[PDB]
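Visitor: Need coordinates for the below:
(chains A, B, C and D, ligands or ions: 9)
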Amino acid sequence: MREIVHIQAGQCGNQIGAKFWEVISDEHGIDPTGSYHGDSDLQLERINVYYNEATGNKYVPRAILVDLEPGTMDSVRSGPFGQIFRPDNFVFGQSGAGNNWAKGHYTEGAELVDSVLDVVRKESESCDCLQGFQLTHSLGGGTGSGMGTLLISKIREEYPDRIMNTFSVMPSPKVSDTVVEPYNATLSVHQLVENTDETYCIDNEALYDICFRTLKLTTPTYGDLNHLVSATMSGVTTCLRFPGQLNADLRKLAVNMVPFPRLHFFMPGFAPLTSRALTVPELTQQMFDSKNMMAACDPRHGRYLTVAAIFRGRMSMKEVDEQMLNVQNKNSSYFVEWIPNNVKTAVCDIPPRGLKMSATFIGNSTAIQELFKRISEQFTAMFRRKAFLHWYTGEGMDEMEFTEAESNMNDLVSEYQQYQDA
Amino acid sequence: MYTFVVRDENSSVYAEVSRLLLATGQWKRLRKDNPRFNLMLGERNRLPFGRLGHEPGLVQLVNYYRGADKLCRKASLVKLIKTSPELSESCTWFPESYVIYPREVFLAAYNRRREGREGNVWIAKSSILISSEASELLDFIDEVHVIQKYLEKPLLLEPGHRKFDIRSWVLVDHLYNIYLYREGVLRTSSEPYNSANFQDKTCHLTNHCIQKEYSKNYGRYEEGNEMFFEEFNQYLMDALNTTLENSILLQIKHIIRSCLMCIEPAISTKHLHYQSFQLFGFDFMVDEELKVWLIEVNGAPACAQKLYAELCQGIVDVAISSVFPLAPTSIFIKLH
Amino acid sequence: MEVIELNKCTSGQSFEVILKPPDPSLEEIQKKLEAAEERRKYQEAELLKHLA
Amino acid sequence: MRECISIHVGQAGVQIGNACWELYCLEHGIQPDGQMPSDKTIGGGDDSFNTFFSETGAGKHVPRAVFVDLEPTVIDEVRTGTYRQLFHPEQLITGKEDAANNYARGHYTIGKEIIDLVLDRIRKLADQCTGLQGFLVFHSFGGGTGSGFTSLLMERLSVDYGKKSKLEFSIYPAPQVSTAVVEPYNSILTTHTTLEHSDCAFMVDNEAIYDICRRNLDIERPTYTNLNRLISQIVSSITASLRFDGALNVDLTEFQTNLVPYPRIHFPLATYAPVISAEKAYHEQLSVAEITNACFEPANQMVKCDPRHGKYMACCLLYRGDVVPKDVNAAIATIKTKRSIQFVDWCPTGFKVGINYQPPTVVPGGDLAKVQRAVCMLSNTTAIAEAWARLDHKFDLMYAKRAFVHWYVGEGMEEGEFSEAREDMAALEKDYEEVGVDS
Ligand SMILES: Nc1nc2c(ncn2[C@@H]2O[C@H](COP(=O)(O)OP(=O)(O)OP(=O)(O)O)[C@@H](O)[C@H]2O)c(=O)[nH]1
Ligand SMILES: Nc1ncnc2c1ncn2[C@@H]1O[C@H](COP(=O)(O)OP(=O)(O)CP(=O)(O)O)[C@@H](O)[C@H]1O
Ligand SMILES: Nc1nc2c(ncn2[C@@H]2O[C@H](COP(=O)(O)OP(=O)(O)O)[C@@H](O)[C@H]2O)c(=O)[nH]1
Ligand SMILES: [Ca+2]
Ligand SMILES: [Ca+2]
Ligand SMILES: [Ca+2]
Ligand SMILES: [Cl-]
Ligand SMILES: [Mg+2]
Ligand SMILES: [Mg+2]
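Guide: Residues are numbered from 1 along each chain as shown, chains lettered A, B, ... in the order given. Ligands and ions are numbered 1, 2, ... in the order given. Structure as follows:
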């Protein structure tokens, strides 16, 4: 359990992936040329989880960049850390996917997927012991959604005993590019339910609400949303990137977080929410606050199956333990009693950039069903009149596939309800 | 905010205690199978003591002493008194008692009384038969029991020529302080005592349930068959020129101290990973020489209806708020 | 309370104080392991069939 | 002289083995390079310390030990640490991918792939033995390797070394330092599979060690290093009779003879005193009576439970330091007149006592203070079943919903193994009830 292979697909996927790589390259002391300039061996101890070592002392992200149009990947290649990526790991087409899951999954994406898998195979072949894959993508568009889920299916076929992890951005009418986003997201969720082991549900609705209400950003941009996304991703991969006892690899994380195979959709949170000194009680209180959740769900509307908490910085571990025990003991009704000791806590000494301490939250809550109910309502409002279906039937899809995707997502919601009532 | 659970729905005392804890605004009741509690009001039978004190960040307290059953079962109490050097077979406030299974010792002492013309009336009970012939008692058992010398010369209230027993409530906190509730109660018989007819078990058994059914004078002298300490002390003064404290309460306190201090090393939670308290009901008899005898100890006693409020408030004050503090004229006498 | 079986040496001593008188075979193991391996292989074959 | 082979499985077992062998080297005067100046027979001998160390012609004293882990990061610390020169590479076995806190993954998926290598490396140590008496197996209950691979190894050791005794040192799961929600599952599974193959198992509840460190060593948030130094002191107290001259518990068979009258009830409770902080500059040296009294206080037990509400079947007192039998007997008399020490009635009410004059050794720069005398009591009491009750309750809570069961089925295990193991645990609790409780 060592190397992770990273894949970023589509516009959203590549932008949040580029920001993620910038953030963790800074955290590990890697400059945009791939050279290490840190001051602590803690930065290098597990560097091989995400980086290959190249000729000299160069570190190259084990990252594969995929899109069906070149624009966003040209912008990545011109970005601050653009030169750090392996040039051969850029795999792009020209047609684009036109925000069409069917184009991403069945036609345009099918034309590109084999060369993407060739790059995946080359990266895996030079892995001492591949853990699995992490994919960044959105569910509302065409390339990320459709071709990412296609890539997930193919990778599962070629690596059935490896862990599949995704960071999946859920569409929201508050921050929407097209009306067919509920179609694309509903089609994607079925694939994720069947073919991922862990999925961080990053809800654009929640990101917008945070940027507007909490960060006092009048006009949030995708950059402002991606600031939260990158901070959260750095938080949730800390246990994979630094020495530690708890959730130190993808499979142990999955075993700790997933009591039932389909219920593997995580609600992430971050504290403090930034755009100068937090105490541990404040960190804990804020990290369990709904206003800090990256999925627009009220946790007090459901129950926690499992929780992972990651504290970063130099702080009293005694006080961290006390505060986590405090939160559990004073709100025990919101933790299922049939999974004893379902809250696990990690502490890493190295804080993120700009902060002296931070806390990252990963909850498997039955309240996540509200996100899927929201998507299902927006799906049904158009599907009952077969609106905008011609974009998809023109690519070879039939209505039955939409009916089945709707059915399965309703089943997912019903399963969350069953365990919320258990 | 403190948290507690309720696992005995049939306890009036701790129903009232739960009510009081809730009405403080600083206690929150959880589901009965939630392990993250500060306080367990546990079940009478098979309380899972082995699962207490293993919750990090939680000081856990339970309203029962593990092992106190040794004091609160008939046969267990008899064996404990006879075999504990602190109490000994020479103990002078516990009636002569023997454990019989469905013997030779019992018949030996009984024969000493037989060929001594002495009062040879015994009682047989368990967890009831009164007879002067041993064969009838032994035959009744076979159809685990205790056979105990029946006090043929009880102290009789007047008017009515009637028998009684005294119930004392005793709270033992987590520090093994012993608190005697200042309010006891006399469960009285409403029928005149009849030393020539143990056949009728209504003037001989002072139990409230037995009186309230088999006694035709139930409620005549007091309500219902309960005499409280002020009236009983006034009666002792008027009739026998003594006080309740002098004639009876000193012996009661001595007996309570004796039993609880005897079993302290076996049940104390002083250095334990969880803490215990418990409310006990001691039942005493008084003979005509104003000598107090211990009859039994109840591990889960009820209270006299007019005393529930005061006693349960005293419970939450002494046993619970001492461990979990909230944001004189004590109702307890501290025995030491 | 009696002491018995007192043994003394240069490095210590032991005694006893009384206060009061009164398998599966290799083949079966390999069978279990191979049964589990075959159930794994069957689940993976079912997965690959579904993906096909 | 009869050799003992130590086998350390998983992270917990390997790190506790590190601590134990460091302590052994300090206790026997073996330097980190394997040299032992006080050993005047070069290249061989059959001294008591040779039960645990073999000897090379160059004068190196090599632990009779195998380290097994399914991932390499913990054993690499042995390979690179202070006592690296102590071990030869064939003693340190690592895979590349661990059992991910999954009993089924440790026992079936990966164990089937590494068991033969482990057995061959153990055979190579056994071939150096003129009269191997058996094995001491160190492992966690909660980890995937520590549980599943340990159970597999115990079965195969019963097959290959039928006549040899096997003792366990088992780390019982505690949520304050645990890393997996499914640790109750793993604990019950490995206990069911191992029960027939272990002759004597010493359980150490991480909760007890954690609280002892907090309370007596004034460590606010103890680490595995603190816990393992304390655990290694207790393990050394237990194995000192095998490693030094003496008449009591001098071969593995004597552990079973003295501590285990019934084969299934083979989990002795260990209690250790005194635990004193090195930071505490002024310290009052505790007498034999005081430390013997401390053996009957639950706060000093390796597993939190109440022996006063159980029954004893065997009791050994293992003293180290300035201790004489007259003072031992005086302390026992005093304690008997004051404590609830009830034996089963088909067993004598007695203590088997051993005294090693060498006071406990502590690691320089450690947390434990050097004391003039210490004692470890091993008593087989039914009260230890409280831990089984706790574990079985957590198991039942998760298994009623089949929570996490798919992770085990996915590795080739059948769901029936869960209920079969749980029924074995229920029969064990019932055995403890029958032996320990009156009607
Ligand atoms: N006392 C003590 N307990 C430990 C130590 N290391 C791990 N544990 C405990 O053991 C349990 C976890 O099992 P591990 O030994 O870490 O797992 P493993 O044997 O390596 O198995 P896998 O990692 O799943 O392959 C948890 O309850 C930990 O608290 C240690 O060094 N000392
Ligand atoms: N040696 C004795 N002499 C005189 N009366 C006795 C006696 N032993 C018992 N009694 C009478 O029996 C009545 C109650 O019997 P007992 O002691 O068994 O309590 P109980 O079983 O009714 C309540 P519980 O068992 O629920 O605690 C008392 O009123 C008492 O007068
Ligand atoms: N947080 C975040 N969301 C984005 C970003 N870009 C697009 N999204 C969302 O993702 C959906 C469009 O997906 P997109 O990636 O642009 O389509 P694709 O290129 O075909 O995969 C819509 O819901 C957008 O709101 C981004 O940069 N950051
Ligand atoms: Ca777009
Ligand atoms: Ca084309
Ligand atoms: Ca030698
Ligand atoms: Cl053999
Ligand atoms: Mg009564
Ligand atoms: Mg491990």
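Visitor: what are the C-alpha coordinates of the host helix or strand of residue D:16, in CSV please?
Guide: Per DSSP states H and E, residue D:16 falls inside helix D:10-28. Extracted C-alpha coordinates of helix D:10-28, given in CSV (Å, rounded to 0.1, in the frame of the first residue of the first chain):
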residue,chain,number,x,y,z
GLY,D,10,1.8,-7.3,12.9
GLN,D,11,2.6,-3.7,14.0
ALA,D,12,1.7,-4.2,17.7
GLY,D,13,3.6,-7.5,17.9
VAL,D,14,6.7,-6.2,16.2
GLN,D,15,7.0,-3.0,18.2
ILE,D,16,6.4,-4.8,21.5
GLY,D,17,9.0,-7.3,20.4
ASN,D,18,11.4,-4.4,19.8
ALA,D,19,10.8,-3.2,23.3
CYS,D,20,11.0,-6.7,24.9
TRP,D,21,14.3,-7.5,23.2
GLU,D,22,15.8,-4.2,24.0
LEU,D,23,14.9,-4.9,27.7
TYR,D,24,16.3,-8.4,27.5
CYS,D,25,19.6,-7.1,26.2
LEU,D,26,19.8,-4.6,29.0
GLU,D,27,18.8,-7.3,31.6
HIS,D,28,21.4,-9.8,30.3
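Visitor: Is that helix positioned near chain C?
Guide: No: against chain C, helix D:10-28 shows no contacts by C-beta under 8 Å from any C-beta of the partner chain, the least distance being 11.9 Å. C-betas here are computed from N, CA, C, even on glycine.
Visitor: Does at least one residue of that helix sit close to chain A?
Guide: No: Helix D:10-28 stays out of contact with chain A when judged by C-beta under 8 Å from any C-beta, the minimum separation being 8.6 Å.
Visitor: For that helix, buried residues please.
Guide: For helix D:10-28, burial by neighbour count (16 or more other C-beta atoms under 10 Å in any protein chain shown) applies to D:10-25, D:27-28.
Visitor: ok, which stretches of the chain are strands?
Guide: Unless you meant another one, I'm taking chain A. If DSSP state E is used as the criterion, the strands of chain A fall at A:3-9, A:51-53, A:59-61, A:63-67, A:90-92, A:130-138, A:163-170, A:198-203, A:265-271, A:304-313, A:343-348, A:357-365.
Visitor: right idea, wrong chain: chain D
Guide: Using DSSP E, the strands found in chain D span residues D:4-9, D:53-55, D:61-63, D:65-69, D:92-94, D:134-140, D:165-172, D:200-205, D:269-273, D:312-321, D:349-356, D:373-381.
Visitor: helices and strands around the second one, which ones?
Guide: In terms of contacts (3 or more C-beta pairs under 8 Å, 6 or more residues apart in numbering or on different chains; DSSP states H and E), strand D:53-55 is packed against strand D:61-63.
Visitor: and if you look at the longest one?
Guide: For strand D:312-321, the elements it packs on are helix D:224-243, helix D:252-259, strand D:349-356, strand D:373-381, judged by 3+ C-beta pairs under 8 Å, 6+ apart.
Visitor: I'd like to know which of those is closest to ligand 7.
Guide: Among the helices and strands packed on strand D:312-321, helix D:252-259 comes nearest to ligand 7, with 12.9 Å by C-beta to the ion.
Visitor: Might you name the residue of the stretch 201-336 of chain B sitting closest to ligand 3?
Guide: In the stretch 201-336 of chain B, the residue that lies nearest ligand 3 is residue B:327 (45.5 Å; C-beta to the nearest ligand atom).
Visitor: Can you say which helix or strand has that residue in it?
Guide: Applying DSSP H and E, one finds residue B:327 in no helix or strand.
Visitor: That one touches residue B:26, doesn't it?
Guide: Yes: Residue B:327 lies in contact with residue B:26 (C-beta atoms under 8 Å); the separation is 6.5 Å.
Visitor: picking that back up, say whether ligand 9 is contacted by the helix holding residue D:16.
Guide: Yes: using C-beta under 5 Å from the ion, we find that helix D:10-28 touches ligand 9 at residue D:11.
Visitor: which one is the closest residue to ligand 9 within the stretch 151-300 of chain B nearest to, not counting chain neighbours?
Guide: At 29.2 Å from ligand 9, residue B:273 is the closest residue in the stretch 151-300 of chain B, using C-beta to the ion. With C-beta to C-beta, 6 or more residues apart in numbering or on different chains as the criterion, residue B:273 has its nearest non-adjacent residue at 3.4 Å, and that residue is residue B:53.
Visitor: hang on, the one you found in a strand?
Guide: No: read with DSSP: H, G, I helix; E, B strand; the rest coil, residue B:53 is coil and lies in no strand.
Visitor: burial count for it?
Guide: Neighbours of residue B:53 under the rule other C-beta atoms under 10 Å in any protein chain shown: 21.
Visitor: hang on, it packs against residue B:272?
Guide: Yes: taking contacts as C-beta under 8 Å, residue B:53 lies within contact range of residue B:272: 6.8 Å.
Visitor: Could you tell me the angle between the helix holding residue D:16 and strand D:200-205?
Guide: Relative orientation of helix D:10-28 and strand D:200-205, computed by axes from the mean of the first three to the mean of the last three C-alpha atoms, to 10 degrees: 110 degrees.
Visitor: would you list every one of the strands in the stretch 151-300 of chain B?
Guide: Counting by DSSP state E, counting those that start in this stretch, the stretch 151-300 of chain B has these strands, from start to end: B:162-172, B:178-181, B:185-192, B:226-228, B:275-276, B:278-286, B:292-298.
Visitor: Now mean neighbour count too, for these, in TSV please.
Guide: Compiled in TSV, the strands of the stretch 151-300 of chain B are given as follows (neighbours: other C-beta atoms under 10 Å in any protein chain shown):
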stretch	mean neighbour count
strand B:162-172	23
strand B:178-181	22
strand B:185-192	22
strand B:226-228	17
strand B:275-276	22
strand B:278-286	22
strand B:292-298	20
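Visitor: closest point of chain B to chain C, which residue?
Guide: residue B:83 (14.1 Å; C-beta to the nearest C-beta).
Visitor: okay, stretch D:251-271 in CSV with CA atoms only?
Guide: The C-alpha atoms that make up stretch D:251-271 are tabulated as CSV, following Å, rounded to 0.1, in the frame of the first residue of the first chain:
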residue,chain,number,x,y,z
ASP,D,251,9.4,-24.3,31.0
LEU,D,252,6.4,-23.3,28.9
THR,D,253,4.6,-26.5,30.1
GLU,D,254,4.8,-25.1,33.7
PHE,D,255,2.8,-22.1,32.7
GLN,D,256,-0.1,-24.3,31.7
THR,D,257,0.3,-26.6,34.7
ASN,D,258,0.4,-23.8,37.2
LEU,D,259,-2.1,-21.3,35.6
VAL,D,260,-4.6,-23.2,33.5
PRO,D,261,-6.6,-26.2,35.0
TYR,D,262,-9.1,-26.0,32.1
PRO,D,263,-7.8,-25.7,28.5
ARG,D,264,-10.3,-23.2,27.3
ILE,D,265,-10.0,-20.9,30.4
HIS,D,266,-6.4,-20.1,29.6
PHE,D,267,-6.4,-16.3,29.9
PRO,D,268,-4.6,-15.2,33.1
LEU,D,269,-5.0,-11.7,34.5
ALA,D,270,-1.7,-9.9,35.0
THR,D,271,-1.3,-7.2,37.6
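Visitor: mind listing what the residue of chain B at minimum distance from ligand 7 touches?
Guide: Residue of chain B nearest ligand 7, by C-beta to the ion: residue B:50 (38.5 Å). For residue B:50, the contact set (C-beta atoms under 8 Å, 6 or more residues apart in numbering or on different chains) comprises D:305, D:385-386, D:389-390.
Visitor: could you redo the last one with a cut-off of 7 Å?
Guide: When contacts are counted by C-beta atoms under 7 Å, 6 or more residues apart in numbering or on different chains, residue B:50 touches D:305, D:386, D:389-390.
Visitor: Go through these and name the one nearest ligand 9.
Guide: For the contacts of residue B:50, the minimum distance to ligand 9 (C-beta to the ion) is 23.7 Å, reached by residue D:390.
Visitor: from memory residue B:75 sits against residue B:141, does it?
Guide: No: in this structure, residue B:75 is not within contact of residue B:141 by C-beta atoms under 7 Å, at 11.9 Å.
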